[PDB]
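Have a look at the structure below before the remarks.
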Amino acid sequence: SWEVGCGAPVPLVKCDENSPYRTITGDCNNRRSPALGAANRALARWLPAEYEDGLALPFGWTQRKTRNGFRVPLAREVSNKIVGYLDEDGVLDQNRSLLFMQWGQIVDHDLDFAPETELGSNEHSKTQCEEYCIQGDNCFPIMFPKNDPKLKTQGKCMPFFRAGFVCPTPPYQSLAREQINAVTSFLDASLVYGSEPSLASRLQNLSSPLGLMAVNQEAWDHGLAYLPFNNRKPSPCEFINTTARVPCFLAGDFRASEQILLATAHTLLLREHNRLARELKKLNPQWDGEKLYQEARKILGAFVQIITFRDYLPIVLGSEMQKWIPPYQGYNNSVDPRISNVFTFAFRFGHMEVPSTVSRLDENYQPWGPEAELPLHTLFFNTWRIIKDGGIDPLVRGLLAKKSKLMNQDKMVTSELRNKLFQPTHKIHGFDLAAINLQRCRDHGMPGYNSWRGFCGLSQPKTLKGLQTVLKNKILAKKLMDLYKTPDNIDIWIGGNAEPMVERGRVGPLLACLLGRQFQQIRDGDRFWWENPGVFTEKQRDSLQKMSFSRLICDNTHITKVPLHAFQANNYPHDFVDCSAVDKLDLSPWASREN
Ligand code: HEM
Ligand SMILES: *[C@@H]1O[C@H](CO)[C@@H](O[C@@H]2O[C@H](CO)[C@@H](O[C@H]3O[C@H](CO)[C@@H](O)[C@H](O)[C@@H]3O)[C@H](O)[C@H]2NC(C)=O)[C@H](O)[C@H]1NC(C)=O
Ligand SMILES: *[C@@H]1O[C@H](CO)[C@@H](O[C@@H]2O[C@H](CO)[C@@H](O[C@H]3O[C@H](CO)[C@@H](O)[C@H](O)[C@@H]3O)[C@H](O)[C@H]2NC(C)=O)[C@H](O)[C@H]1NC(C)=O
Ligand SMILES: *[C@@H]1O[C@H](CO)[C@@H](O[C@@H]2O[C@H](CO)[C@@H](O)[C@H](O)[C@H]2NC(C)=O)[C@H](O)[C@H]1NC(C)=O
Ligand SMILES: *[C@@H]1O[C@H](CO)[C@@H](O[C@@H]2O[C@H](CO)[C@@H](O)[C@H](O)[C@H]2NC(C)=O)[C@H](O)[C@H]1NC(C)=O
Ligand SMILES: O=C(NO)c1ccccc1O
Ligand SMILES: [Ca+2]
């Protein structure tokens, strides 16, 4: 008895069987268990959920119920005390480009999305929550502590709505509350193509048999494409500058316009698909609209996989890479490919990697204009700066020439995210990503820090002094202990990120284990992994290994001067070579001799 059945409210169809292409929803990857890894199903639970009432209510909800004998500290107070800092000087990662951060967010968005609860196409709930901070039903407000500046100017709380959950919607019961993953668990470029058949089609250009994705018709970038605008009104990207009135972009994933540099990455990817389809039609004139689409799509998925596993992961995991992701040995049908609930919090390490400004660079990589460098907070949901202020190139050069923020125990998340975050629903630039992440841990029913330490076979400190040794920091450990009273209560997000970094990596031991495990699984459990014998031909594989993020830029923008290794810190002009010197993807193994 597993309650095993609930496969209700989720989209279902029938398995093409022997079809050489992924489904849009991720169904039919695993043959014996077709829904494994599919969009719109519960996040997997590596450990049982820990809720206040065993079942659904998050810790902190009832002001008199403790966690292990103690009150859990307010999310925003953990924010003020531990996460914040004032001095941006000295914070840059000396050996990671701004693209390091940016790629993490692309990968993250391909793997997981736990959307908020609605129950309001119009309702006094999406206003009884913001207006009066009344806790109730899915309103779980972030209360301001005594002495928080935002009291004086903003109000009593920050509104926060609980994440969606499987089986039904309305008030629910029985089992413990399981959050939804609205995206496919496979590294499959679902952020470009969509996770629903509904959206996947909208995204496509079905006016012509060329297998192209829809492109914006109102605006161009030197004869290069943009993403289509979104139908949706109200539009937050419009609300950001009512004079300019530029809507958000329409991509395979809904978060695409969250910040300008993410919209930039999205548009590079769309551009690549269309390029692939054209080139492909040249070699194979007989091919379908659909065949063009799927074949370009499959190449792109292979790209996202290769860069992620070859270029990106080795420099997050560092020396722990070998211990968690051993060399590939083939598809294993017994490996569970689903994204775990804790992964969506472990992968939030990238929040501590966001710097406070974004730069635009000209063709010599010099400050583009008099306002080249901008505070990150003016760029949330900002599309007008792309369309009406130089297009994509000045913004991509910044990604190569500037650095990520480095995680630092005394300087965690920049005030740009910690004080001035803009939420697409509400109206001010006054939210706090750090406090939200913490509130969300509780919302998702996360075991505490020592549960995960235990899970990863690592020591579980019980005392101040134990915590000082693990964190290798007396002061940090003291603050944590004063807010939390015992390490068993430390929220996973703040606990995992407070750990010193492993050698040659950018996360600590606990994070390396959680991430490493997840990635091993999503590679080993993927029937369509690129190296899986029979998915691509040997000659096709040889062609795919030559792919690089540098090339992507050469083929898709008017940048002519790029680094070879784009994720490490690169200085212009020494570290920058001409595009000619950069290996090209050879599409000739994709030829199809008729007779
Ligand atoms: C300026 C850059 C970024 C902004 C503004 C941003 C903003 C946000 C916001 C508002 C959320 C939702 C919080 C919640 O409701 O719980 C979120 C979630 C998340 N973020 Fe970030 N983020 C950024 C960069 C990154 C980076 C660099 C990474 C990783 C390298 C990352 C990983 C994640 C992940 C994994 C989630 C959970 C998504 C889910 O499963 O629902 N983000 N981010
Ligand atoms: C800045 O970061 C660089 C990013 O990797 C780093 O250089 C790299 O160092 C690692 C080992 O420390 C090596 O990487 C690779 O190792 C072998 C080559 O012997 C390959 O077979 C592996 O697949 C893997 O890619 C490289 O030697 C080197 N990687 C690159 C891309 O050049 C620098 O050391 C960092 N700078 C400093 C001083 O911290
Ligand atoms: C809202 O978005 C507006 C862009 O649609 C933006 O206004 C634009 O920005 C500057 C003025 O600050 C102008 O840029 C330059 O234009 C000419 C060159 O042709 C110069 O002579 C000007 O002096 C100026 O430097 C844009 O022309 C201007 N466009 C319009 C129609 O106003 C606003 O800054 C945005 N506001 C916010 C709050 O972000
Ligand atoms: C769908 O694809 C078609 C075919 O490329 C696009 O229409 C072309 O647009 C360019 C620029 O205007 C012109 O060469 C022609 O007007 C069209 N070509 C042909 C073959 O007629 C169209 O823009 C795409 N539709 C969308 C919404 O992206
Ligand atoms: C595929 O991965 C599965 C899941 O981890 C492996 O299942 C294991 O089977 C081995 C023996 O082959 C046992 O030693 C492990 O204890 C099993 N794991 C669990 C917890 O079930 C399996 O090793 C892999 N299959 C192959 C043949 O590579
Ligand atoms: O940018 C985001 N994540 O990185 C994001 C933005 C809005 C809503 C949910 C999200 O996950
Ligand atoms: Ca996916």
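Counting starts at 1 for both ligands and their atoms, in listed order. Keep in mind that the numbers below use all heavy atoms, side chains included, and drop hydrogens, waters and symmetry copies. Position 1 is the first residue of the sequence, and the numbers go up from there.
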### Query
Please walk me through it: do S79 and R418 pass side chain to side chain donor-acceptor pair (under 3.5 Å)?
CA-CA 8 Å; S79 194; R418 207 189 74 81; 2.8 Å; yes
### Query
Would you say atom 4 (C) of ligand 4 has a protein heavy atom nearer than 4.0 Å?
yes
### Query
Atom NZ in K402, atom CG in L99: separation rounded to 0.5 Å?
15.0 Å
### Query
What is the closest protein heavy atom to atom 24 (C) of ligand 4, and at what distance does it sit?
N205 ND2, 2.2 Å
### Task
Around atom 1 (C) of ligand 1, find the nearest protein heavy atom and jot down its residue, atom name and distance.
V354 CG1, 3.6 Å
### Message
Closer than 4.0 Å to some heavy atom of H109 - which atoms of ligand 6 meet that?
### Response
1 (O), 2 (C), 3 (N), 4 (O)
### Summary
Counting heavy atoms under 4.0 Å, the part of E258 that contacts ligand 1 is side chain
### Query
Looking at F113, which atoms of ligand 1 are within less than 4.0 Å of one of its heavy atoms?
39 (C), 40 (O), 41 (O)
### Message
If we set the cut-off at 4.0 Å for heavy atoms, which region of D112 has an atom near ligand 1: side chain, backbone, both, or neither?
### Response
both
### Task
Determine if the distance from atom 11 (C) of ligand 4 to the closest protein heavy atom is below 4.0 Å.
no
### Task
Run the numbers for me: atoms of ligand 1, each under 4.0 Å from some heavy atom of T344, listed by number.
37 (C), 40 (O)
### atom 1 (C) of ligand 4 protein-contacted, heavy-atom criterion under 4.0 angstrom
yes
### Query
Testing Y312, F186, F343 for ring pair (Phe, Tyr, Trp, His ring centres under 6.0 Å) with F519, which one passes?
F343
### Task
Please identify which atoms of ligand 6 are closer than 4.0 Å to at least one heavy atom of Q105.
1 (O), 4 (O)
#### Entry: Side-chain ion pair, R440 and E116, N-O less than 4.0 Å
yes
### Task
Go through ligand 4 atom by atom and flag the ones less than 4.0 Å from a non-hydrogen atom of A214.
28 (O)
### Query
Considering only heavy atoms, does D108 approach ligand 1 within less than 4.0 Å through its side chain, its backbone, both, or neither?
side chain
### Task
Determine, counting only non-hydrogen atoms of the protein, whether one lies under 4.0 angstrom from atom 21 (O) of ligand 4.
no
### Message
Determine whether the aromatic ring centres of residues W61 and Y51 are separated by less than 6.0 angstrom.
### Response
no
### Message
Among all the protein's non-hydrogen atoms, which is closest to atom 11 (C) of ligand 1, and how far away is it?
### Response
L433 CD1, 4.2 Å
### Message
One residue to check: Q105. Relative to ligand 1, which of side chain, backbone, both or neither has a non-hydrogen atom less than 4.0 Å away?
### Response
both
### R255 heavy atom under 4.0 Å from ligand 1
yes
#### Entry: For ligand 1, the portion of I436 having any non-hydrogen atom under 4.0 Å away
side chain
### Task
Below 4.0 angstrom from a heavy atom of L210, which ligand 4 atoms are there? Numbered from 1 as shown, please.
4 (C), 5 (O)
### Query
Is the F455 ring parallel, tilted or perpendicular to the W452 ring (thresholds 30°, 60°)?
perpendicular
### Query
Which atoms of ligand 4 sit under 4.0 Å from any heavy atom of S208?
1 (C), 2 (O), 3 (C), 4 (C)
### Query
Is there at least one protein heavy-atom neighbour under 4.0 Å from atom 14 (O) of ligand 4?
no
### Message
Testing the 3.5 Å rule here: is there a donor-acceptor pair between the side chains of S190 and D110?
### Response
yes
### Query
Are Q521 and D336 close enough, and set up right, to give a side chain to side chain donor-acceptor pair (under 3.5 Å), and what steps lead you there?
CA-CA 6 Å; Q521 283 181 26; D336 172 12; over 6 Å; no
### Query
Do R297 and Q294 have side-chain atoms, one donor and one acceptor, less than 3.5 Å apart?
yes
### Message
Considering non-hydrogen atoms of the protein only, which is the closest contact for atom 8 (C) of ligand 6, and what is the distance?
### Response
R255 CG, 3.9 Å
### Task
Would you mind telling me if ligand 1 is within reach of the side chain of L417, the backbone, both or neither, using heavy atoms under 4.0 Å?
side chain
### Message
Give me the residue, atom name and distance of the protein heavy atom closest to atom 23 (O) of ligand 4.
### Response
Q217 NE2, 2.7 Å
### Under-4.0 Å salt bridge between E272 and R275
yes
### Message
When you compare the side chain of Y293 with that of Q204, does any pair of heavy atoms fall below 4.5 Å?
### Response
yes
#### Entry: Side-chain H-bond candidate by donor/acceptor type, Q518 with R338, under 3.5 Å
no
#### Entry: Residue pair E416 / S356, side-chain donor-acceptor N/O under 3.5 Å
no
### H351, N/O/S atom nearest atom 21 (Fe) of ligand 1
NE2
## Note on the structure
Rounded to the nearest 0.5 Å, the CD atom of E178 sits from the CG atom of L43 at a distance of 8.5 Å
### Test log, rule side chain to side chain donor-acceptor pair (under 3.5 Å), inputs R385 and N241
CA-CA 10 Å; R385 281 274 188 194; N241 186 316; over 6 Å; no
### Task
Give the single entry among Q423, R440, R348 that approaches atom 13 (C) of ligand 1 most closely by any heavy atom.
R348
### Message
Salt bridge check, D288 against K281: does any charged N sit closer than 4.0 Å to a carboxylate O?
### Response
no
### Query
Got a protein heavy atom sitting under 4.0 Å from atom 27 (C) of ligand 4?
yes
### Protein contact of atom 29 (C) of ligand 1 - nearest heavy atom, named by residue and atom, plus distance
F347 O, 3.3 Å
#### Entry: Residue pair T414 / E88, side-chain donor-acceptor N/O under 3.5 Å
yes
### Task
Just need the protein heavy atom nearest to atom 41 (O) of ligand 1, so name the residue and atom and give the distance.
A114 N, 2.8 Å
### Query
When you look at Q179 and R45, which way does the side chain to side chain donor-acceptor pair (under 3.5 Å) test go after all the steps?
CA-CA 10 Å; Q179 286 73 32; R45 288 267 178 193; 3.3 Å; yes
### Query
Does some non-hydrogen atom of the protein lie less than 4.0 angstrom from atom 18 (N) of ligand 4?
no
### Task
Within a distance under 4.0 Å of any heavy atom of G104, pick out the atoms of ligand 1 and give their elements.
29 (C), 30 (C)
